[PDB]
């Protein structure tokens, strides 16, 4: 019931892409000036009302631009791929980097002298008013100690907004912001003056009204500008396009979408203003092929839309998704490298009725990726036993280009995982992915899906050092390591070290949660998520039906192999004493007195010859399963202030590299300061038994208990996907892992010499894309250390 044939590319698309990249990303100060201006004028009023008023002031006055040949309009900065700033969360980090941000190694941004001055002036109002400062004050001293010694970092929602949500796009498309406002006025009628919650509920609902009208005003500024640009346009065809844009923006998102272009423009406006209201990223379009489809189908059937134009519209949206950007502090930027906003867009899967959901758009989204060939969106496909073979082959073809897309998600594990955490069957079936790999019931969840990075190796190190780090006490004292008498004693020591530091991470995240609840409720994002309107409170305060916090554990492979070393070399075979393993670790295996250096290389080498995780060796893999449980099982027992539960995730973004930089040598053989594993997959170079064996090991972990999502990276040589037979074996590989309750898979398809040559001649590989982790990025916009990590990953 669909046409799988690729639709042709418009010559426009390349010119749109080139224009995005003509200049360096640039920081602008307009938002900071406007939010400060507004807040100065509304002191004394409730927070959520001040936030709505500021959203209003920002959207009324932010400079707008229609870029050359845009069909879909809505830019946040004048400079393509620029960012605004968000002093309501934090700003001191930015002021500190004024002179360096243009030339720094990860994600540099240009900033003019005039912008620096304007920022200094606007920021000054926010000293003592930021969420980061309140969050800090709410953290225990032990939590700040733990963060100083790099056990975990909650930087993400500490420095900037939350996001990580799939909003009700379909509700805006179906009833417009007009309809949402009507839903609000209707709820207002249920409120009576003497109700104990009248004051806060009505102020929240009024705030939605102001916010909705702000977005409508915003769309109407583009209609006006499009009309003006049309009158000055020499190209007759382009003139017509601007006139169409003008009419479209007068309709959406205020009113229900009445054509495909309106739904496209309505969607984009929502996608865009959410990231003006807050700097939270992972604003994820979700099941775009599903909710956009009725507008596509109506239009195509009544004859007024061609496939070619429909493809061009989607292509333009793909481009727009790369126009948005966000500047993070230099340390954070290494953990989120490549200018990604992690805007996840998924195709395929099941209807609520449990049939295959494939439609014409499912295919057109995959084509948009190929056409645009940029890092964003993070295209994803839902896989289930009844998946369309055509759609899978089409996805396989995209993956084979080397773009790293789509990521593949397993319905058969994700749906029951969601149900087990409280979703109904109908809701779980309608899931999509947030950001990198985090599953969610859309439009009903405040998921906090990337709440912290937790380093599982740092507690292991603490077992050896009995809680000391850098000469100072840094953790609990589980005992002198040389007095442990069995492996089970050492394991218990590790479990405890893990538990204590997990609880501190929960403290960090809970502190930050109170800060956003108190200082940053978001009226606009909230009105598009159940049940904020009806409960009369924001998603930041507990308005959403589902509430989670999802922190990520790092280094399963490293920890698993480390424990195998310890179990089998120290305690069973007794070929090494605990003491000399510890000094070996201390001295980095002697890699940076010659008896001992050689003695350390010898120790190093008998460790590297041990069997490793990712080769389908039961006795190693069981330690991986159990060590994963030392993180995922305690986590699911904690609660957050939004009334919800914690749930573990296991994905790296690009933070496995800086986290590794903070980790000394580990018993698996990994050298000090080198990256830790990415996701749940095997350490690079240790999986030598091919992909099937790799999948078998990883599938032995319990993925469902990590209901915030797991990540499995794999890298194929391009000839592995050659021909139709290559695509089909590729699908079988995925299906084999998924049949074993594996959650997710994503592939680099690239030759090693390509990447080495891209390093040596970056100017010649401007357009080269690679898969990082749960997202793709332009290779030459990544730092050398992250490039090297991607390059050293095992090639199958």
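Numbering follows the first chain given and starts at 1.
According to the entry, the deposited sequence places 10 or more unmodelled residues between residue 592 and residue 593.
Judged by mean Cα B factor in the deposited record, 181-189 ranks above the other of 543-551 and 181-189.
According to the PDB record, 608-616 carries the higher mean C-alpha B-factor of the two stretches 87-95 and 608-616. The residue among 445, 75, 647, 719 whose C-alpha carries the highest B-factor in the deposited model is 719. Listed residues 206, 450, 572, 197 were ranked by CA B-factor as deposited; 572 comes out on top. For residue 764, the recorded CA temperature factor ranks within the highest third of the chain's modelled residues.
In this PDB entry, the Cα temperature factor of residue 776 sits in the middle third of its chain's modelled residues. Residue 268: CA B factor in the lowest third of modelled residues in this chain (values from the PDB entry).
Per the deposited record, the Cα B-factor of residue 470 falls in the highest third when ranked against the other modelled residues of its chain. Sort the modelled residues of the chain by CA B factor and residue 244 lands in the middle third.
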